[PDB]
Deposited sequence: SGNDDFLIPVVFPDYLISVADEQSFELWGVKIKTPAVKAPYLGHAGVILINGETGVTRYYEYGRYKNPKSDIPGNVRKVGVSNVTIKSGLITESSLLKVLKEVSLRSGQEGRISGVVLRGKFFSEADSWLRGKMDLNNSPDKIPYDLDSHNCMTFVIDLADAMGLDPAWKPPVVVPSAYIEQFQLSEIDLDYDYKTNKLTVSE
């Protein structure tokens, strides 16, 4: 098909962190030819083999259906509901939809970062500077997608709204199970 791949940074702006050191972030990755879908995120997840806080994790999700280059609304809704329940405290999603040829490179980068979970050289979690949002920004930067400028203090809820100023918006509500894509 030659259809561009999809990278969908997702932020859960109403996610509650509760204890110190707003929102959580993850990323959906979709093969534009096949609809094969991956989800990765970085956060304060348990790891018995590392004493350094912060780990990448992969969450299994359904694949989407691509029809004439587009993701069908229903198949994306199924993934968004999965991600909200499994990673997002059953809250709403604010996202952007990015396009390019990068599926294998993104998959390799994410698996490579996950391979660092037990490394003595793993960069420690930092709520301000090395967190769920900066993981995704660093991925998009690495793909050549030129994400929005990263401030010294990265707040997922604030950053995603900045990112949306220059990209396609994705809004999803878990309670109503409704998706809206907009400029």
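>> From the N-terminus onward, what segments of the deposited sequence lack any C-alpha atom in this model?
In response: Deposited residues absent from the model fall in 22-41 alone.
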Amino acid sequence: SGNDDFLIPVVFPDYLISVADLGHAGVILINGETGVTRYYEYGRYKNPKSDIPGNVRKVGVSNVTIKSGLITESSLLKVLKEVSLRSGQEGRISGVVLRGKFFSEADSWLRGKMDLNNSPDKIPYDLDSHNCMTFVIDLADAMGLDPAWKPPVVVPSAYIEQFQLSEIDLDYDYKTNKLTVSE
From here on, numbers count along this sequence of modelled residues.
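>> Quick check on the record: does 47-55 or 129-137 carry the larger mean Cα temperature factor?
In response: The deposited B-factors put 47-55 ahead on the C-alpha mean.
> Mean C-alpha B factor from the entry: is it higher for 36-44 or for 63-71?
Replying inline: Comparing averages over the C-alpha atoms only gives 63-71.
> Among the chain's modelled residues, which third holds the C-alpha B-factor of residue 151?
Replying inline: CA B-factor rank for residue 151: middle third.
>> Splitting the chain's C-alpha B-factors into thirds, which one does residue 25 fall into?
In response: Lowest third.
>> Going by the CA temperature factor in the PDB record, which third of the chain does residue 98 belong to: lowest, middle or highest?
In response: Its C-alpha B-factor belongs to the lowest third of this chain's values.
> Taking the entry's C-alpha B-factors for this chain, is residue 76 in the lowest, middle or highest third?
Replying inline: Ranked within chain, residue 76 CA B lands in the highest tercile.
>> Using only modelled residues of the chain, where does the Cα B factor of residue 11 rank: lowest third, middle third or highest third?
In response: For residue 11, the deposited C-alpha B-factor lands in the lowest third.
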